[PDB]
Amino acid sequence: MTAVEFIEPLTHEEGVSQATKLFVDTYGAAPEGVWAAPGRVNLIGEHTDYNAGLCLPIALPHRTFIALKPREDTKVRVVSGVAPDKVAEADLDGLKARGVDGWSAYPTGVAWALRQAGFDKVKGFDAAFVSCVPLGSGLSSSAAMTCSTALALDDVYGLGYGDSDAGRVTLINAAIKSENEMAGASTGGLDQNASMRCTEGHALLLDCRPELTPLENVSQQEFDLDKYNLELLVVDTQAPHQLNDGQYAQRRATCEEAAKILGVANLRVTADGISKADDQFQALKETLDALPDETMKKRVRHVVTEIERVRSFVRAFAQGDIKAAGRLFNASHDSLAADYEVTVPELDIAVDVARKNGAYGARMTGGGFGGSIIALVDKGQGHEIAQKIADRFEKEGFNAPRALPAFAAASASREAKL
């Protein structure tokens, strides 16, 4: 057997070097520059973004690097280091939703979304992508690709949105629209806000109420694992799963109906009225009594309890109460498994192994149905716990997992410019 693999992040130098070489190898021309956006881990606040809730992501050090050059036509050529001999080619001129074949829908759809928003200066482009955000890990390779492209296009076309947090929300919205409308992949905005608005050493307390302005809807929370002698273990289960299989879309449909039945614009309205009540049990009971469907009650209970767990976590971590922080991780996972029903055995067994082996807490992160777990562990324990999960996976007959180093890293940025 092989020891469990840790997937290291590309350095600035490696990402620039590799994205530039793929660009020159593919297109001959030099790119105008290289941009990059990170993947993410959601610490807590899962399945709350599209309910106008609270989230708490960090940006991983793992980034997607885009070498890009604008074109004076409307042609979009893209290549990825996974498949360097397969250049995808579309044209923005009269391009419609779902008009683009395969992975290239994600970057092409960003240019489309900017044009649809009236950025008429945005024409075609050539790009090359090199990533270390692991595929199928639930760590937002999708956002790393769309957000790196949105930042690169903003820069080369001088749109003026990339150089401010509030400006980056315009580029976030284009990235989200690409994924939802061009690629046909249902997504809230958790991942794209993380990738473009996180900061090094901080978690992004993101308030997803849609009426908030950018300076109202984030709060950088201290997330210095070294201050508490901690390590955030991240394990990609590599469990076989399927994007756009309809499960994630169903959860969203279920929440929207719940909100319709409750007569509220979103479940955050419901959650906040419960949270403010003196008797939160009774406020929840009265809400779930208004939902006749037994699955819908479960989904609403998850959303309401998870939003409050975010607040609880921000307080626990600021207090250095790592046991309390870990219990909140654990209650988030347990809710996602029992009430939201978005876990699978690989996630649940990895989490149990982490819990049994000294984690303060452990949970799936991201959408679920596969992908990754995270665990708050003591510094120096991540490798041991990752290998315990790997040994257990082999006993279970599961695909080997892989792990990634993790800490709160910087958001998207320009990496190089001619």
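Start at 1 with the first residue shown and count on from there.
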{"item": "Residue stretch of maximal mean CA temperature factor, 269 to 277 vs 310 to 318", "value": "269 to 277"}
{"item": "121 to 129 set against 331 to 339, stretch whose average Cα temperature factor tops the other in the entry", "value": "121 to 129"}
{"item": "Deposited CA B-factor, highest of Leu262, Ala325, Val234, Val169", "value": "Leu262"}
{"item": "Largest Cα B-factor, entry values, listed residues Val304, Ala239, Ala203, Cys208", "value": "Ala239"}
{"item": "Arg98 - which third its CA temperature factor falls in, relative to the rest of the chain", "value": "highest"}
{"item": "Chain thirds of CA B-factor: placement of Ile373", "value": "lowest"}
{"item": "Ranked C-alpha temperature factor of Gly45 among modelled chain residues, by third", "value": "lowest"}
{"item": "Third of chain Cα B-factors occupied by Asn357", "value": "middle"}
{"item": "Chain-relative CA temperature factor third for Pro292", "value": "highest"}
